[PDB]
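# Coordinate inspection notes
Each chain is listed here by its residues.
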Amino acid sequence: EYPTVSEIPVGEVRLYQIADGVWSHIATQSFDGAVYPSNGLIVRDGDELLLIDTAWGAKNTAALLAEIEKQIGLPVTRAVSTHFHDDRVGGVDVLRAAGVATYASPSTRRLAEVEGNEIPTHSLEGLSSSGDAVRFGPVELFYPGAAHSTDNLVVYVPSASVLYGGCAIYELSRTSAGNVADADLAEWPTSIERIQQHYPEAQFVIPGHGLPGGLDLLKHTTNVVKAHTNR
Ligand SMILES: C[C@H](CS)C(=O)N1CCC[C@@H]1C(=O)O
Ligand code: NA
Ligand SMILES: [Zn+2]
Ligand SMILES: [Zn+2]
Ligand SMILES: [Zn+2]
């Protein structure tokens, strides 16, 4: 049922409804001569929508807005990018031109600027120390500490028990570490354990790339990260 990388041409976006007013968005992109999928989140907030992450580039993000209008038909008024990489902020300018208020932590904004990636406009305060949580409308934002990147956020939807782990969490099909150029390998498992301790009620866990699962994706990611650590 969940849209897979094989099913989505680059440039197109699928939505997957998880619960009343919660969807993931799934897009694909060429990377390393392969095609990889990438997930974001959409959460209804009243008669508006909160978007979590771009769809990995401007073209895809335009497709994302069009698919949202087609399938849901409510305005995206805010967006949060969960780290500074292009699968999270690539498309921010598209969102901004469409009237979306884009947000990220100051950590993410600083790193995006250094990197030459798009920079969300608004700053999310209160997330700079490991273990910090803040409410943002229908979600809670949580900074678990450095993992896939120094700035990685996770997002929890309490009404639906959905934990969006972003790229700090790997899908089960990934058995070897991926892009760790910006990672903190030493802290990554500790950061995962903070997610487990903060959201032990989570029922649906979404990795940055690939198929959702349950909280077992946390242990899985720790297993893979520790194996890479011991390479
Ligand atoms: C551009 C993204 C940023 S997490 C990236 O590095 N990717 C996406 C899928 C493959 C590769 C990876 O994270 O291993
Ligand atoms: Na919390
Ligand atoms: Zn990343
Ligand atoms: Zn604004
Ligand atoms: Zn990613």
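As a reminder, the structure under discussion sits directly above these lines.
Here's what I pulled together on the structure shown here. (Residues numbered from 1 in each chain as written, not as in the entry; some residues may be left out. Chains lettered and ligands numbered in written order. Heavy atoms only, no water. Residues with missing side-chain atoms left out of burial classes, pairs and counts.)

### Observations concerning the coordination of the sodium ion (ligand 2)
For the sodium ion (ligand 2), the full set of protein donor atoms is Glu 140 (OE), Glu 140 (OE) and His 198 (NE2), and the range of their distances to it is 2.0 to 2.7 Å. With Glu 140 in strand 9 (residues 139–143) and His 198 in helix 5 (residues 188–198), this pair connects stretches of sequence that are 58 residues apart. For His 198, a relative accessible area of 33% corresponds to the partly exposed category. (Donors = N, O, S within 2.8 Å, 3.2 Å for Na, K, Ca; no water. Helix = DSSP H or I, 4+ residues; strand = E, 2+ residues; numbered from the N terminus. Buried < 20%, exposed > 50% of the residue type's maximum accessible area, 1.4 Å probe, protein only.)

### Some thoughts on the layout of surface pockets
Over the atoms a probe the size of a water molecule is rolled, and this reveals where empty space is left. Here the largest pocket is characterised by a volume of approximately 620 Å³. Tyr 36, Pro 37, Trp 56, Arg 174 and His 209 are the residues nearest the centre of the largest pocket, which is lined by 30 residues in total. Where the lining of the largest pocket is concerned, the elements lending two or more residues are strand 2 (22–31), strand 3 (34–45) and helix 2 (86–89). If one sorts the elements of the lining of the largest pocket by residue count, strand 3 sits on top with four residues. A per-class count over the lining of the largest pocket returns 14 nonpolar, 11 polar and five charged. (1 Å grid on protein atoms, 1.4 Å probe; cavity = no way out; pocket = protein on both sides within 12 Å on 5 of 7 lines; lining within 4 Å. Points joined across faces, edges and corners; volume = space filled by probe spheres on them. Nonpolar A, V, L, I, M, F, W, Y, C, P; charged D, E, K, R; others polar.)

### What to know about unusual backbone geometry
Even without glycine at this site, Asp 53 takes up a positive phi of about 75°. The exposure class of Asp 53 is buried, given its relative accessible area of 1%.

### Here's the deal with the coordination of the zinc ion (ligand 5)
Put simply, a metal with four donors set out as a tetrahedron has ideal angles of 109.5 degrees, and one with six donors set out as an octahedron has ideal angles of 90 or 180 degrees. Looking at the zinc ion (ligand 5), one finds its protein donor set to be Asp 87 (OD), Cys 167 (SG) and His 209 (NE2), positioned 2.0 to 2.3 Å from the metal centre. Between the four donor atoms coordinating the zinc ion (ligand 5), the angles at the centre fall across 91 to 123°, so the site counts as tetrahedral. Taken in sequence order, the residues that donate to the zinc ion (ligand 5) follow the motif D-x79-C-x41-H. A spacing of 3.7 Å is found between the zinc ion (ligand 5) and the zinc ion (ligand 3). Here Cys 167, found in the loop between strand 11 (162–166) and helix 5, pairs with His 209, found in the loop between strand 12 (204–207) and helix 6 (216–229); they are 42 residues apart in sequence, far enough to count as distant. Look at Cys 167 and you get buried, because its relative accessible area is 4%. Classification of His 209 as partly exposed rests on a relative accessible area of 22%. (Tetrahedral: all angles 85-135°; square planar, octahedral: opposite > 155°, others 65-115°.)

### Some thoughts on the nonpolar core
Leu 41, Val 80, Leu 124, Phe 136, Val 139 and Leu 141 are the most contacted members of the largest nonpolar core, which has 26 residues in total. Those elements that provide at least two residues to this core are strand 2, strand 3, strand 4 (48–52), strand 8 (132–136), strand 9, strand 10 (154–157), strand 11 and strand 12. The element that contributes the greatest number of residues to this core is strand 9, accounting for three residues. Excluding residues that lie within four positions of it along the chain, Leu 124 makes contacts with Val 80, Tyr 103, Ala 104, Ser 105, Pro 106, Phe 136, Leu 141 and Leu 153. Residues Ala 147, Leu 163, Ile 195 and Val 205 belong to the second largest nonpolar core, which totals 19 residues. (Core = buried A, V, L, I, M, F, W, Y, C linked by side-chain atoms within 4.5 Å. Contact = heavy atoms within 4.5 Å.)

### Here we look at the site of ligand 1
Residues in close proximity to ligand 1 include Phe 31, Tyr 36, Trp 56, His 83, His 85, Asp 87, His 148, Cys 167, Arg 174, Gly 178, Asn 179 and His 209, which together make up its full environment. Note that an oxygen atom of ligand 1 is positioned 3.0 Å from one of the side-chain N or O atoms of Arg 174. Here ligand 1, which alone exposes 360 Å², has 93% of that area covered by the protein. Comparing atom positions with the cavity grids shows ligand 1 to sit within the largest pocket. Class assignment of the residues belonging to the shell around ligand 1 gives a composition of four nonpolar, six polar and two charged. (Near = heavy atom within 4 Å. Polar contact = N/O pair within 3.5 Å; in protein donor to acceptor, adjacent residues only side chain to side chain. Areas by Shrake-Rupley, 256 points an atom, 1.4 Å probe, with all protein chains shown as cover. Sits in = over half its atoms within 2 Å of the grid points.)

### Considerations on the packing of helix 5 against helix 6
Between helix 5 and helix 6, whose axes approach to 10 Å, the crossing angle comes to 175°. Judged by the angle between their axes, helix 5 and helix 6 are roughly antiparallel. Together, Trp 188, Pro 189, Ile 192, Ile 195 and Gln 196 of helix 5 and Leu 218, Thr 221, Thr 222, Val 225 and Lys 226 of helix 6 make up the contact between the two elements. (Axes fitted to C-alpha atoms, helices over the stretch in contact; angles between N-to-C directions. Parallel < 35°, antiparallel > 145°, perpendicular 65-115°, else oblique.)

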